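Chains A and A' are the protein sequences, given in the same order. A prime marks a further copy of an entry chain. For reference, each letter of the first sequence is one residue, going 1 to 410 in the deposited numbering. For reference, each letter of the second sequence is one residue, going 1 to 410 in the deposited numbering.
2 protein chains.
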Amino acid sequence: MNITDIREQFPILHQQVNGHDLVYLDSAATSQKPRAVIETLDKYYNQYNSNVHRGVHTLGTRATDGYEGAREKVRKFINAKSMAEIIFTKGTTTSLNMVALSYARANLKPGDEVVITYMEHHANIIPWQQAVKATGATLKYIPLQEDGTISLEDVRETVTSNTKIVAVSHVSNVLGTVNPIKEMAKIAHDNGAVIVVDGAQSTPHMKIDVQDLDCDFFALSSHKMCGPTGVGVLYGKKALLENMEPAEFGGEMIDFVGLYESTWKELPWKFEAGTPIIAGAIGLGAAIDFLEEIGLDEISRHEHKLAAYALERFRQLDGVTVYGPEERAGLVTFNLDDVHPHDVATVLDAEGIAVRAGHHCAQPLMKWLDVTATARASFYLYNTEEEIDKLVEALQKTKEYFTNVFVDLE
Amino acid sequence: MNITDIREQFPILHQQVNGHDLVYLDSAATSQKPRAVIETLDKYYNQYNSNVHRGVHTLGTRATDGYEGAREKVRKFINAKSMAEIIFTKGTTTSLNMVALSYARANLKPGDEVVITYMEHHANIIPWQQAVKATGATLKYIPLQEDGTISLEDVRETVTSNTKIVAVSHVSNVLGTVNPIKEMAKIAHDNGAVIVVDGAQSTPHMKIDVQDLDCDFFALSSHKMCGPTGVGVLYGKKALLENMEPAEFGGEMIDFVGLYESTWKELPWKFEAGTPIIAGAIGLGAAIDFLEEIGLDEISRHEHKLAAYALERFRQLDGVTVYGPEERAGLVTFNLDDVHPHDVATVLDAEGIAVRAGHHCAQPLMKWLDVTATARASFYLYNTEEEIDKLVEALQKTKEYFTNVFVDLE
Ligand SMILES: Cc1ncc(COP(=O)(O)O)c(CN[C@@H](C)C(=O)O)c1O
Ligand SMILES: Cc1ncc(COP(=O)(O)O)c(CN[C@@H](C)C(=O)O)c1O
Numbered sequence: 001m002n003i004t005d006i007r008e009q010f011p012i013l014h015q016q017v018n019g020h021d022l023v024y025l026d027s028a029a030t031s032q033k034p035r036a037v038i039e040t041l042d043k044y045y046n047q048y049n050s051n052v053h054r055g056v057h058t059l060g061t062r063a064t065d066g067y068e069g070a071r072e073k074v075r076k077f078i079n080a081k082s083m084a085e086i087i088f089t090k091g092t093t094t095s096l097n098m099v100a101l102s103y104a105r106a107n108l109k110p111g112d113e114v115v116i117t118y119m120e121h122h123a124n125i126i127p128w129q130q131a132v133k134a135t136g137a138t139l140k141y142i143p144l145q146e147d148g149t150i151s152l153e154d155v156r157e158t159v160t161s162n163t164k165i166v167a168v169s170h171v172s173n174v175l176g177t178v179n180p181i182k183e184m185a186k187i188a189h190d191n192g193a194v195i196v197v198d199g200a201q202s203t204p205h206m207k208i209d210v211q212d213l214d215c216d217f218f219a220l221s222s223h224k225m226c227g228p229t230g231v232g233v234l235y236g237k238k239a240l241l242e243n244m245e246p247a248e249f250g251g252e253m254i255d256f257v258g259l260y261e262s263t264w265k266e267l268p269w270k271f272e273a274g275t276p277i278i279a280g281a282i283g284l285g286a287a288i289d290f291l292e293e294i295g296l297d298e299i300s301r302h303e304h305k306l307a308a309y310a311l312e313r314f315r316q317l318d319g320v321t322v323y324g325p326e327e328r329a330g331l332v333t334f335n336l337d338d339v340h341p342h343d344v345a346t347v348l349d350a351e352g353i354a355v356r357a358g359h360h361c362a363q364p365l366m367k368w369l370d371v372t373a374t375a376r377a378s379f380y381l382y383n384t385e386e387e388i389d390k391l392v393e394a395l396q397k398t399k400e401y402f403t404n405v406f407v408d409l410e
Numbered sequence: 001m002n003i004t005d006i007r008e009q010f011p012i013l014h015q016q017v018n019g020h021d022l023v024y025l026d027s028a029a030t031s032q033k034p035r036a037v038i039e040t041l042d043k044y045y046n047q048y049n050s051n052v053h054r055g056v057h058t059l060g061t062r063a064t065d066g067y068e069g070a071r072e073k074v075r076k077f078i079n080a081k082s083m084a085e086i087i088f089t090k091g092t093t094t095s096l097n098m099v100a101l102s103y104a105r106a107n108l109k110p111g112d113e114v115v116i117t118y119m120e121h122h123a124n125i126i127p128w129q130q131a132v133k134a135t136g137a138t139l140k141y142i143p144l145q146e147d148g149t150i151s152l153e154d155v156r157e158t159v160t161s162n163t164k165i166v167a168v169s170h171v172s173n174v175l176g177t178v179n180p181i182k183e184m185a186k187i188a189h190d191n192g193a194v195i196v197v198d199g200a201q202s203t204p205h206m207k208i209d210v211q212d213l214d215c216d217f218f219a220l221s222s223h224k225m226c227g228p229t230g231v232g233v234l235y236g237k238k239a240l241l242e243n244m245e246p247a248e249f250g251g252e253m254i255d256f257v258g259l260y261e262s263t264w265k266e267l268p269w270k271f272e273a274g275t276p277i278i279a280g281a282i283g284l285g286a287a288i289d290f291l292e293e294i295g296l297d298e299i300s301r302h303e304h305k306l307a308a309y310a311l312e313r314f315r316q317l318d319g320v321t322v323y324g325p326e327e328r329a330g331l332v333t334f335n336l337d338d339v340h341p342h343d344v345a346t347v348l349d350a351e352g353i354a355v356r357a358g359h360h361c362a363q364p365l366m367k368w369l370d371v372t373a374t375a376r377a378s379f380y381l382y383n384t385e386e387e388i389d390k391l392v393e394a395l396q397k398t399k400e401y402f403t404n405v406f407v408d409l410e
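Next up, the structure:
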């Protein structure tokens, strides 16, 4: 896996920021796109852009072929059984909301439990809050161990026979934890519940097998896996998606429309109201082709390489706290002793290094960590060990600078 | 307004389809993009792609600036008062659904009336069906006159003091009708109702002034107005959007998140859950700049030119029925005597002409017209009179062909 060859595919990497070479370490917020994706979009808008499922003309046929072929590529990419289980959405947040919607609106009664975790992204928290509010059900949290992992026994004790939904992250955008999705799915099925995997931060970096995970729902975002913004995927088990009512209504999802009553389409289009994200989905299919040609397991090996390297180099800096397990997906959330994370991020950007600072849409986890904010650096398949070297050098320089400014206090 | 210069901006137009020069007459399903939009997307993914409202680094700042500047361009483009009234959505269908959602979930009681029309696109029908179902309210239809327009007196008689929502198209995707949105908004306000304008088919072709229309909600789709797929806009009066609850929940729309309770953000982000359609919105802003530089009133003049020309040339063909008024937005929905519309569309595509055939997501209107399906040709700012000449020549040739095949029946 030659990473110079891969980096040469991403034009955005080859620029300077504030006089320094760009060091992008914020892929967990959004990823960059290779020439293959951008040129897929260009070819779409230059040659065969048309609405799909409507006009029965040549450009319409090409666009329909592209969109549904993207659907098939997504099906292959996560080993779903049928394209009917692959629903194009706006992103992971929308997919989780769609499950929260048809569950709440039809399968939640008082006494039923929805169990989540303290590490969940807000997208995997608030929909369940609102659903249990609307239905009178109960919201429960799975506690975390002190290394930021989840114990299977805490799961088994928290999920009871009254649980209808277990909702859990595949990979934590803050701690780097990889959760035991398979065992948790088995435990949820033992208790008669479905399992909803937020796979937003796993899909870009590791192989997904929904058959092996036996997840009932899986949500992913294209903009993290080298794909266009504005598109993502909901996977649901076909049997479940048949019995869920649509979250949106309009064209492309109806069969018969009367003045007062309508019938829906078969899957997947039942859950795709309106003109779909045609270009975005075709570009996501291109992104999938790109990753599969690089190899997902090679990407996993590269990310474990970078994460072990980053962890080892962070322990070489005094006065830095890293949060989460040693076994991780390759992201480092941390803080500097007596330096605010926002300030860290600002000084890193003055060195051309891009990190995130704040709560990372995980306020309960921040409170659990007993911090108000944090800094995070996130790695992907275009990131190098030299970049982590640059990061840790800039962290040392930052701490030296704020010590040589603390001292200058008269 | 030089239209050769404009056509030279659209690379997709300069190709052949099935041996013939492409004649795209299906802009009402989706429009084509000028170099300015595609190159805006390219510049985004090549130079400053990053998530916006999160990382506080330079590329993040550029992307945030682009996204919110697109919001301001949309605000100017439709003369909204505040960016807080401009919400980025997936498209017109989603915006209408969002109004249907927060109205149903909080402002509809039994006895309340939601009034629509027989000409409404399915996107502006089914959400109201489902909302009155969930709330026990009543759904009413405004009848149409025999030329496919709406009489103001039928509106006044159909909307009563128990009406909370009047939902109506600005321009009909089938009949070409331009509805009296302003007078209808006044009548709805007189009865204490809000008015929801489906402006999906008006925004690309004519100037929008939400202040002059006094609409309470306005929905539009980017892919019709030379902009990217997968993005659209909901406009709501700020006072109304403050009191509506969000349709989606997750990051970017919260302020404080507790274990069980959360508070929302201020407008507009209250209604934008998750990573937004960054590239799509920036490209939509580019599309708006493009149209404003061409001039919306020049586009209206051009479309009235093409529609009058098309109507006059259609009356020159015997055995063709055109549906709708003489005063129109420039689209022609029609049928050939003893030729099925799908067949018409197929033969036109063999001549390289792109039209739509079917019900155009307006089944109640099709039944009202007493037809099961129809053919439609739709014009935009890159379409010429020569193309309508080609269309009517191919229609004459089609009818000659099916007469010289009816005769060959032994
Ligand atoms: C008046 C109107 N409203 C709403 C829509 C659909 O909204 P979306 O942008 O989300 O698709 C359309 C699209 N028509 C298309 C479907 C057509 O002409 O066949 C429309 O013409
Ligand atoms: C685990 C997880 N779930 C869900 C989301 C948001 O889904 P969208 O693709 O619709 O944004 C994110 C994005 N995180 C971003 C916000 C971050 O790292 O700050 C995420 O990391």
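No residue lacks a Cβ here, since even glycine has one placed at the ideal position from N, Cα and C.
Along chain A, in chain order, which residues have C-beta atoms closer than 7 Å to that of residue i?
i	result
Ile-277 of chain A'	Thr-229 and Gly-230
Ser-262 of chain A'	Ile-126 and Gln-129
Using the rule of at least 16 other Cβ atoms within 10 Å of the residue's Cβ for burial, across every protein chain shown, is residue i buried or exposed?
i	result
residue 416 of chain A'	In the structure displayed, chain A' extends from 1 to 410; residue 416 of chain A' sits before or after that span and is not available.
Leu-409 of chain A'	exposed
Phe-256 of chain A'	exposed
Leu-152 of chain A	exposed
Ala-239 of chain A	exposed
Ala-106 of chain A'	exposed
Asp-337 of chain A'	exposed
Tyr-48 of chain A	buried
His-14 of chain A'	exposed
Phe-406 of chain A'	exposed
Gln-130 of chain A	buried
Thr-40 of chain A'	buried
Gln-16 of chain A	exposed
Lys-397 of chain A'	exposed
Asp-42 of chain A	buried
List the endpoints of the continuous beta strand (DSSP E) containing residue i.
i	result
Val-405 of chain A	Looking at the DSSP string, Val-405 of chain A is not in any beta strand (DSSP E); the run it does join, the alpha helix (DSSP H), is 385-406.
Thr-177 of chain A	Per DSSP, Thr-177 of chain A belongs to no beta strand (DSSP E) and is neither H nor E.
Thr-138 of chain A	138-142
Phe-218 of chain A	217-221
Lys-164 of chain A'	163-169
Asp-112 of chain A'	From DSSP, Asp-112 of chain A' is part of no beta strand (DSSP E); its letter is neither H nor E.
Under 9 Å between beta-carbons, which chain A' residues line up against residue i? List them in chain order, please.
i	result
residue 412 of chain A	Outside the displayed span of chain A (1 to 410) sits residue 412 of chain A, for which this structure offers no information.
Does the beta carbon of residue i fall short of 8 Å from some heavy atom of ligand 3?
i	result
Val-171 of chain A	With respect to ligand 3, the structure offers nothing, as its ligand set consists of ligand 1 and ligand 2.
Quick one: which chain A residues come within Cβ less than 8 Å of residue i?
i	result
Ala-137 of chain A'	Those do not exist, as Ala-137 of chain A' stays about 12 Å from chain A at its closest Cβ, beyond 8 Å.
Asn-46 of chain A'	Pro-11, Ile-12 and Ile-38
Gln-15 of chain A'	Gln-47
What are the boundary residues of the alpha helix (DSSP H) that includes residue i?
i	result
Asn-335 of chain A'	Segment 331-336 is the beta strand (DSSP E) holding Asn-335 of chain A'; no alpha helix (DSSP H) there.
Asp-255 of chain A'	Premise fails: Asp-255 of chain A' lies in the beta strand (DSSP E), 254-257, not in any alpha helix (DSSP H).
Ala-357 of chain A	It is not in any alpha helix (DSSP H) - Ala-357 of chain A instead sits in the beta strand (DSSP E) that spans 356-358.
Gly-280 of chain A'	278-294
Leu-96 of chain A	92-107
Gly-69 of chain A	58-77
Can you pull the chain A' neighbours of residue i, defined as C-beta to C-beta under 7 Å?
i	result
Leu-41 of chain A	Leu-41
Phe-249 of chain A	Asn-97, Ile-126, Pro-127 and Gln-130
What does residue i reach in chain A' if we use C-beta pairs closer than 8 Å?
i	result
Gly-91 of chain A	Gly-274 and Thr-275
Residue i touches chain A at which residues, Cβ-Cβ below 9 Å?
i	result
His-342 of chain A'	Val-56
Next on the checklist: Assess contact between the segment 150-160 of chain A' and the segment 181-194 of chain A', defined as three or more Cβ pairs (one per stretch) separated by less than 8 Å. Is contact present?
Outcome noted: yes
Next on the checklist: Using a Cβ distance threshold of 8 Å, determine whether the segment 77-90 of chain A contacts the segment 216-232 of chain A, with at least three qualifying pairs required.
Outcome noted: yes
Checklist entry - Does the segment 196-204 of chain A come within contact of the segment 216-230 of chain A, defined as at least 3 CB pairs closer than 8 Å? => result yes
Checklist entry - Does the segment 324-333 of chain A' come close enough to the segment 173-185 of chain A' to have 3 or more Cβ pairs within less than 8 Å? => result yes
Item to check | Inter-stretch contact at 8 Å, needing at least 3 Cβ pairs: the segment 265-282 of chain A' / the segment 296-304 of chain A' | outcome: no
Next on the checklist: Below 8 Å, how does it come out for the segment 19-39 of chain A' and the segment 378-392 of chain A': are there three or more Cβ pairs, yes or no?
Outcome noted: yes
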